[PDB]
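Notes to accompany the following structure.
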Amino acid sequence: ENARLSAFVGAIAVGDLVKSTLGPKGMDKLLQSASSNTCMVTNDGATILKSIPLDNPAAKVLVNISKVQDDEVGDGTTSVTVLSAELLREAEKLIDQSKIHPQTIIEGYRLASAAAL
Amino acid sequence: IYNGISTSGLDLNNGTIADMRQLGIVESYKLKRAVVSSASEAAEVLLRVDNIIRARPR
Amino acid sequence: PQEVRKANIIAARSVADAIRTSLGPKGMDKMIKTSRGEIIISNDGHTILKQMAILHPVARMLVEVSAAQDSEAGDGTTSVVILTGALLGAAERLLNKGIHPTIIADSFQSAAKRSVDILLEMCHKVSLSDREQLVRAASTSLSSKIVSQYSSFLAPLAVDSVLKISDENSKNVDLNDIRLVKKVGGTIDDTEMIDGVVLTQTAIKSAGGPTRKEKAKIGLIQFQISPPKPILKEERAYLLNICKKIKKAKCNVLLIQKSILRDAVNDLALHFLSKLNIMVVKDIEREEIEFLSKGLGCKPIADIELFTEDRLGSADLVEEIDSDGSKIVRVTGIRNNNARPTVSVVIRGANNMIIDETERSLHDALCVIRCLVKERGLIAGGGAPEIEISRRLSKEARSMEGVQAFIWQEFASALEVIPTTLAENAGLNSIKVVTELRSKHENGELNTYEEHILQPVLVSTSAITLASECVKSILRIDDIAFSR
Amino acid sequence: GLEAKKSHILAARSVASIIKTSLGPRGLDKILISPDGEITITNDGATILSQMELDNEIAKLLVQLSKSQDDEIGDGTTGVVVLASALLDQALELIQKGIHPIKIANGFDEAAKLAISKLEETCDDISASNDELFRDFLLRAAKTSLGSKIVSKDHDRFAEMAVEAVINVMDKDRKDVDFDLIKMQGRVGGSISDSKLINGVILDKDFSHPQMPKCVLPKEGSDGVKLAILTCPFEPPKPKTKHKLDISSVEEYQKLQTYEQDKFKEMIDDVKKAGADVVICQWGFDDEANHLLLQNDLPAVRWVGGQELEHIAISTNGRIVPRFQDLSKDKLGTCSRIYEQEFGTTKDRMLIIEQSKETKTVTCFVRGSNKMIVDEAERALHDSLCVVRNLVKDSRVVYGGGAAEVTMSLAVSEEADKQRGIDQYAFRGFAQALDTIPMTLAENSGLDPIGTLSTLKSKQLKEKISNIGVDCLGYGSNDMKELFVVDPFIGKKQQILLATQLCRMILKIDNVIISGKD
Amino acid sequence: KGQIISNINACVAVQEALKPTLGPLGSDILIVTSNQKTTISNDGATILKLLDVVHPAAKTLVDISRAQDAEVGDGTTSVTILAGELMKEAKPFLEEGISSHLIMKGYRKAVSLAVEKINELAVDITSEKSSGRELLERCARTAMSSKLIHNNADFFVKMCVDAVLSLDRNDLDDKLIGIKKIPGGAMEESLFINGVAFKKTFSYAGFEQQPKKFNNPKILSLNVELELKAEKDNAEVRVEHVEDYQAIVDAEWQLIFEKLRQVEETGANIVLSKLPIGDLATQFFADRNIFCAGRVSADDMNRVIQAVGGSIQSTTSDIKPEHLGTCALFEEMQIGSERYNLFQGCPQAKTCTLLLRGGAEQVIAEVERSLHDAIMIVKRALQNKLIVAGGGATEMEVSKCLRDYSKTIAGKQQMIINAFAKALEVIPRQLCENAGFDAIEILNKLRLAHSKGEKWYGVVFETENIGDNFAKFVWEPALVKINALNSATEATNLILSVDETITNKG
């Protein structure tokens, strides 16, 4: 029962750090240590996610996703987590009032991504 | 965009709908496919998760 | 997200309001007692914020702003904190109206650029070729210091030093090339420009040292004269080849970096260098390593094989001036066409408290003169530039449209905090004095001129620019997380 | 001297913040529950403030002031309270700066007098434009307040009722309307299309015994219809001591019979000489009491309250006869006629008493299918009658709805730089306080208050000086002058005077003293 | 000494409430009585009477205010502020070892020397550089200055002077001049009435008759109810006869007709009573030109007896013909959507009525009380010819003379008299703070010219500045300044003489 909340709602909090940092006018985040004198201010999404220790075991899946995106091109890494967070946010309504098999929802994305490209 | 006018977009400076061809604001097409392909593969694994197995710390 | 921002604004407003009471010489001083038992007392905002050990992450940004305030303008470290807190106090009602911080942040940068052109139109155009306003600028700035009659003697010394290195398009000039060497003894009346270079220490006081040499070469050498350290003739043989390789390049000035590891020059090597009249100056600080590599155009030499003639400078005459408790060595005519001549002035005095405050007083005098190098002109202080900007923004605020129209109204209200604090710290009524200044504004404009109180334009310009980006970066952080 | 000035601002702001969302036609309603168990919902701030029972000494000034505002204007309920809270918020910032509170109170008085003279130059004339344009303002006066209700469909019928009612009760000399001369009466049942404009008192009566006719005979070409009201306790021979009257047996049937009826035969002759058609009393009548008056065609009325007798004597020009001996026909009132007209399907069978001549009083007749619709229509008609009085008393008017507050703001703020001293900042805070109303109307309309306020200020300066307000209800476009939407100037002038008077009484009280409850 | 210190804070708490109420421009205090009636006034008498403080020393300051209001009537606010100020000055003297007995002894010698200086500053002037009419007119504009009525004060002075001259100058009282508030209308249109007027709360029918033009109406007081209506009692009368049901409704009209007939033979054209008059009689009185008004307050009926010399009789039998009275002219105004009844031209009237008009009821309430301060100045001008310069003039010099006389006095009495002289600075302080002026700057600037030898320098209440109140036309009677020092010292001596406070519950 809590596995779906940590994989959906718990994954949103990870994407909320990179949510407001998207765009040139986007906001910034703060990375603070115990000594607090080593901190820094930057809008980089890949640095914030890797620096903050994540006790959420489901949050480590999105870590390897950003590493694959950085190999292709060094731009748009932040937008990958933000777009993936919106799909997981709407997944809550896909359970309660929907009751639809998750693989059938994924197969629907392949038909939608084919027309989007 | 629903009926005609498929080239319209949102202007951040004027806060209204303007022609993107006249303003000259464009984004790379390779970036669009890279994000959709990465989000489709990332969400494919997460939606199939019915339980969470914590990884062993190295 | 407002719980993170509002908690940081209130925490930063209490710090800005506390430093606000310290504005001016009559302001309220703040005391900080360190855990070790040390207690400091002063009105400097940069010293208070540095020793306060603020644990608030956003509030620590004022230290970097105050550091750049003294490094660029050289004045207004307390005023820039007050202006920063003034915008944060007015931003509390902005969030209650549903205004997004992007419009709040973008309006501060747009208003800072327009406020510069307003001050330039009201400022008087002056040039650096006239020495009348340059001498009176440094003389009146020293009225806040113990020195009074000697302030007029040091005024032309600071003017002639800046005008030579200012040129025209050089704009910002590095202040690290200006080093004031203080030593007990002497007096203020004795001053020497010595444009070549000035060291921080004396020369060898042992027997046999010439201490004076003409037509010598100066260079940085990190080597040290020591016996073998993994019998009398064995140690002299090892030191013979050391002085022989130096004679190959005809280097009569040896500068050894100060290190507690080993000694500097052995006593046996003093008799060898006495025949060749090679002057040696030891106890060279680590900070002077980079200083000597700029004006002299030399390079630090780590080993004996790296020592070459092409890396050696030129010194016309090197002598040790005889003085009580001083013994200062001067160098003249470095003959360096590419690098500009450095400015180093020796400060002398009987009491230790003299040469200390005198060195700090001359730093603020050189910054005010340097403000005229980047942008010429000056604006009299005392709340004149703060009120003059609010007078022009009254009719301009009606010409705007949308959310930004209300920001121009609150921006002029936050600028009135600076002249209000100046009236409170003097014991006079806050509002009563401000109303008298705006009443005569219909006739008088800049009128303080008869009181010989002048302020550079860069201080008022940088205070608005730094405070604009400061508050802009505060609203950018909507969350604080632990990352280690 | 320390926490009193800070607490009075926060206490008055929290109370005033309740009705800020209900200002304007788009302002949301509220659910009020009476202690008797009845639920009332209305948009009028006078009902909301009157139902408030609280021990806070600061909020008590809002209830005492709202009582006098209903009679003078009636539209200054929500508007003045919101405007008064703006003067207190601007004064709170001056307290921390060291400004004396009386200087803040005296600064608002001098700033309000200068703003009145500015609107005197920009106001427009009604009667000078045309005569019929004035009547068009009376027809659309009640349409604005009733536009948010189902009544807005039949509004064209209720528009002509207030035109003839005010002219009769108000004379062009004093140009004043009395609240006691307007009878507001309504009942549950029926519809709103049966409402008629009556020139006199209603006085619902069933005509007692059904044999009495529903119409009054002219009585051989007599002048008008004369009535007789008696407040005397007309009743049996009750002495001050004994009483104790009982019938022993049948032998007393004829003994006490002829001894009684022979009395009234003397007093009935004096009534026929005066010609009074109907007799009205405060209490009820017996069954056989009206039978002898039936042969003479003299109906009688019973069960009439004391307050209802006021509108009967003023409209019909009648009086209450002290004694029948010296009663003459000179001062007896004469009306057109008295007839019974059934209203809808209601079995009460009400009646209508007309006049045909100009009286000093009128009676409002309002009906509805719901108890709430009747109460909402009576209060909306009260404010509509006061606007007509303000238009006649002052011909010069200005355009409200956000256009007046912006004009008064730019006038005081411009003159603030010309007036030096302490009053320089008193004019700036007063100009910023006037901007609260157009921003409140902009917030109540679902629009950006700052983005809209900057638009109204730009159109009145770079283009030309005019009146453009904020639209709470969806309209075609801006520039209400094209839609002929007018507001009374003296009505808006009375609001800004009571707002400054209320703001002073709050600042002039630095102490709060109250005892306990035992 | 612990209870003595507790009594010090009790006097400051009562004094703090009366500080903002000192002066014409001073602030008003709000007090909520247990009756749940809102009362707002700046007069210290009424303020202290509604507090009912159980503390014995705080009640002493309330009791001494009633004595100031009885024998004099002016200065009830300043007498408590001055009395309580000595509690704060004597607070540090107790901790230093100085007993309060020598402190109370120094006040008797300081006040004795202060009263002698009051008579020296009081100069009797009547016809010198002043006329008869302009004497009382210039005094009314002093209390009306710095007010909302300053623009209309030109018309208000004429009505204020005529109110005092309409009565005998030997006996004058503020309660004899009636004032009725008229809601609505212009302020400059108010007029003065020689007779008595009431509110006319009667809302019932019978209008359009009894015109405002009368010739010589006869006034007769009324005690019982003239109407036949019985509100309380009743009776049960029932008959079983069919034809008698008509005659059993027909009776009671004849009962009071016997006593009502005697009223017509009298011919009284004015009917007034403390009870509501029934609507039955409102017609026939118009035929005889008789006027009747019901629902009249009891306080307004006492002025009718003192006007035409009437008398209250229980019944209509024994009423004597000489009890009637008449006025010269009658007037009735409908301004304000309400009819107002007033009498005019009564030569025997011992009272008058002044009507006030304004835009709101709360606005007139501030105008009515601002006039009461001007009436006391006009009333006491003719009563007492000895006046002293007020507005800071006299208050500062009394403190100055005590500084020089203390130099020749040796012992503890030197610092005690100097403390009493310093305690006199609270009076001008609160006057400046309540008027908005800075009390710190004026205190230093006023002492400049105060040492030049002129004792008449006051404080200007309009524009902040130092100067003489002689040009400001600020006058105060000498009886107030003399009795203020005696009442404040006597009340202070009673509090400092009680070390232990004992309160037994019962």
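Protein chains in written order, with the authors' numbering: chain A, 16 to 132; chain B, 463 to 520; chain C, 17 to 246, 263 to 479, 492 to 528; chain D, 43 to 560; chain E, 23 to 528.
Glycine included, every Cβ here is placed at the ideal spot set by N, Cα and C.
Nearest to residue i (by Cα), restricted to the options the options
i, options, result
"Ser242 (chain C)", "C:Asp295, C:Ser168, C:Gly459", "C:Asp295"
"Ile278 (chain E)", "E:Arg160, E:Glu249, E:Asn256", "E:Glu249"
"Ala411 (chain E)", "E:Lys372, E:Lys222, E:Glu476", "E:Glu476"
"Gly511 (chain D)", "D:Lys155, D:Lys504, D:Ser487, D:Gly533", "D:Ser487"
"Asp206 (chain C)", "C:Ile379, C:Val81, C:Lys406, C:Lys221", "C:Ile379"
"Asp299 (chain C)", "C:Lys331, C:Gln289, C:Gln240", "C:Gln240"
"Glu484 (chain E)", "E:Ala441, E:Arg163, E:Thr99", "E:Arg163"
"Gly41 (chain A)", "A:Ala127, A:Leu32, A:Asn71, A:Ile115", "A:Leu32"
"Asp91 (chain C)", "C:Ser306, C:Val313, C:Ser393", "C:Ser393"
"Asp460 (chain E)", "D:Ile61, D:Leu181, D:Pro143", "D:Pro143"
N-terminal and C-terminal residue of the alpha helix (DSSP H) that residue i is part of
i, result
"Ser58 (chain C)", "Looking at the DSSP string, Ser58 (chain C) is not in any alpha helix (DSSP H); the run it does join, the beta strand (DSSP E), is 55–58."
"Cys330 (chain C)", "First-last for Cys330 (chain C): undefined, no H or E at that position."
"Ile492 (chain D)", "491–500"
"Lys113 (chain E)", "113–117"
Boundaries of the beta strand (DSSP E) in which residue i is found, first to last residue
i, result
"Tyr129 (chain E)", "Careful: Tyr129 (chain E) lies outside any beta strand (DSSP E), inside the alpha helix (DSSP H) at 122–143."
"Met47 (chain C)", "46–49"
"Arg483 (chain B)", "Taken as a continuous stretch (DSSP letters only), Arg483 (chain B) belongs to no beta strand (DSSP E), being part of the alpha helix (DSSP H) at 482–485."
Three-way DSSP call (helix, strand, coil) for residue i in this model
i, result
"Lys373 (chain D)", "coil"
"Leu103 (chain A)", "helix"
"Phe214 (chain E)", "strand"
"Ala219 (chain E)", "strand"
"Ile115 (chain D)", "coil"
"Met481 (chain D)", "helix"
"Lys307 (chain C)", "helix"
"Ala75 (chain C)", "coil"
Contact belief for residue i with residue j at Cβ below 8 Å, rounded distance in angstroms
i, j, result
"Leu136 (chain D)", "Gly471 (chain D)", "7 Å"
"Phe220 (chain E)", "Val293 (chain E)", "Actually they do not touch by this definition, with Cβ atoms about 13 Å apart."
"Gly434 (chain C)", "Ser496 (chain D)", "6 Å"
"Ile215 (chain E)", "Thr375 (chain E)", "5 Å"
"residue 529 (chain E)", "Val36 (chain E)", "Look at the range of chain E in this structure, 23 to 528, and you will see that residue 529 (chain E) is not part of it."
"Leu215 (chain C)", "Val361 (chain C)", "6 Å"
"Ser295 (chain E)", "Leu346 (chain E)", "At roughly 15 Å, the Cβ-Cβ gap does not stay under 8 Å, so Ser295 (chain E) and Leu346 (chain E) are not in contact."
Residue-chain proximity (residue i, chain H), Cβ-Cβ < 8 Å
i, result
"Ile80 (chain A)", "Note that chain H does not occur in the displayed structure, where the protein chains are A, B, C, D and E."
**OP:** Any chance you could list the beta strand (DSSP E) runs of at least 3 consecutive residues sitting entirely within the stretch 344–421 of chain E, in chain order?
**Re:** For the stretch 344–421 of chain E, whole beta strand (DSSP E) runs of length 3 or above, ordered along the chain, are 351–355, 362–366, 374–380, 409–411.
**OP:** Write down every uninterrupted run of the beta strand (DSSP E) in the stretch 266–305 of chain C whose length is 3 residues or greater and which is fully enclosed by it, in chain order.
**Re:** As far as the stretch 266–305 of chain C is concerned, its whole beta strand (DSSP E) runs of at least 3 residues are 285–289.
**OP:** Give, in chain order, every unbroken run of the beta strand (DSSP E) that is at least 3 residues long and sits entirely within the stretch 314–400 of chain C.
**Re:** Runs of the beta strand (DSSP E) spanning 3 or more residues and lying entirely within the stretch 314–400 of chain C occur at 347–353, 360–364, 378–381, in chain order.
Original post:
Can you list the alpha helix (DSSP H) stretches of 4 or more residues lying completely in the stretch 430–474 of chain D, in chain order?
Top reply: Whole alpha helix (DSSP H) segments, 4+ residues: 445–458.
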